[PDB]
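# A look at the structure
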Amino acid sequence: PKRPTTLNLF
Amino acid sequence: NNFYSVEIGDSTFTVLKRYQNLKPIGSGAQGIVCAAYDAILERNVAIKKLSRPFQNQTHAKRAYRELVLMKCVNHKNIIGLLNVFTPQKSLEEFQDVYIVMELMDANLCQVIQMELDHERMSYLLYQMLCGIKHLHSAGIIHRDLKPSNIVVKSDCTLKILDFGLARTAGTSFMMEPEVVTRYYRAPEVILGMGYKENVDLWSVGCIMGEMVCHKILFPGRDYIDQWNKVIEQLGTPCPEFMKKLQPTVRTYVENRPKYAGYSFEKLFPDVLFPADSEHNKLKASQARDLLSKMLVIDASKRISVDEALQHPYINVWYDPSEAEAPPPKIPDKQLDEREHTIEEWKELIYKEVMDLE
Ligand SMILES: CCOc1nc(NC(=O)Cc2cc(OC)c(Br)cc2OC)cc(N)c1C#N
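Residues numbered from 1 in each chain as written, not as in the entry; some residues may be left out. Chains lettered and ligands numbered in written order. Heavy atoms only, no water. Residues with missing side-chain atoms left out of burial classes, pairs and counts.

### Description of the side chain of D225(B)
Structurally, the position occupied by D225(B) is in helix α5 (residues 223–234). With a relative accessible area of 17%, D225(B) lands in the buried category. (Helix = DSSP H or I, 4+ residues; strand = E, 2+ residues; numbered from the N terminus. Buried < 20%, exposed > 50% of the residue type's maximum accessible area, 1.4 Å probe, protein only.)

As structure tokens, this is what we get:
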């Protein structure tokens, strides 16, 4: 599955 | 001498030249904080000045605790130190202390206000969750988790924060705990009961519901209505519970009008949840069942950290190296049931900086 590594902080 | 005066808002900053270009990012519950550049290291770091620390037996105990705790806690989710210094030379000269620490991209109060997805939200919950588990793994409760105190990186990391209160359950209540944010104050706090490692989870509860609802769970217009608001949502507490609350409070809390309480199946519809459709363990009903076990009035029936991490929604990110992580060991000087003078917190606090650099 593996965790994500993003997060559009705008 | 080698520091410089940075005209910031009110009290002016006298930080090393290492730190340049200071802008304000916030003002915690101690001093203030800026997001400056630390050339010497190459990366933006947060400098926190506790202008005049030892004003009284309060801003001096929350400090010595903040100090030690800062240097003792190391974890992927629990923010780390970096540097601590005092612009003053002599033993007497001392009257201020600056703290340099890491610096993310934003604070949770930025995610709260955005439409996450599942794998993600569950990761932060896990993320934030673990850090908590860790901190507890030393008998240390934070008692203040709230967006204003949670930070997520663009790479989707995340860190706890402000160890200004986070103490250990050694003493009980106080009819002056008004310092810990209302909307995130737990029943055992509100009702002046007596906290344990759990309390922190409730915070985490009023969090998720915020990462889901977008509104704050239980508003409150005074510490006394807070209750009249939490219970209006989760129903009036089970009689046994009553027997727990102190004598007085019991009477009042008992007089309150009776409330049915709503099932979390309505408190958080299937709609307020990230597209429920992927990787089993996840699923909306799990994000909820999670809450279902955190948002709990009776403190003794609230899903503790472990079981949380050990929960269908969270669990999928487990990994002993960052959960069952080594316990952040404490020396043998910390005092939670002991106080001194200000000229003593000085010696102590001053002798608690110096060496550091
Ligand atoms: C508000 C609490 O203070 C603190 N806040 C942080 N916060 C961050 O690094 C995230 C962050 C980054 C920003 O872009 C540069 C801005 Br703009 C604000 C902001 O969030 C506030 C880190 C800390 N170590 C302390 C402390 N102490």
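### Quick notes on the pattern of salt bridges
Residue and element names in this part refer to chain B. Taken as a whole, this structure holds 15 salt bridges over all chains when the rule is applied. Where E102 meets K159, a salt bridge forms, and the shortest distance between an N and an O atom there is 3.5 Å. With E102 in the loop between β8 (98–101) and α2 (118–136) and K159 in the loop between α2 and α3 (187–190), this residue pair connects regions lying 57 residues apart in the sequence. Since its relative accessible area comes to 7%, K159 is described here as buried. Between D270 and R288 there is a salt bridge, with the nearest N and O atoms lying 2.6 Å from each other. Residue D270 is found in the loop between α8 (264–267) and α9 (284–294), and its partner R288 is found in helix α9; the two are separated by 18 residues along the sequence. With relative accessibility at 5%, the residue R288 sits in the buried group. (Salt bridge = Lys/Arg side-chain N within 4 Å of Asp/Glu carboxyl O.)

### So, the interface of chain A and chain B
Each partner contributes residues to the interface: chain A has 9 residues there, and chain B has 20 residues. When residues of chain A are sorted by the area they lose upon contact with chain B, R3(A), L7(A) and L9(A) head the list and together hold 58% of the total. Where chain A meets chain B, there are 1 salt bridge. Between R3(A) and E322(B) there is a salt bridge; the shortest N-O distance is 2.8 Å. Our count for the contact surface shared by chain A and chain B stands at 3 residue pairs in polar contact. The residue inventory of the side of chain A that touches chain B, partitioned by class, reads 4 nonpolar, 3 polar and 2 charged. (Contact = heavy atoms within 4.5 Å. Buried area = accessible area lost by both parts, 1.4 Å probe. Polar contact = N/O pair within 3.5 Å; in protein donor to acceptor, adjacent residues only side chain to side chain. Nonpolar A, V, L, I, M, F, W, Y, C, P; charged D, E, K, R; others polar.)

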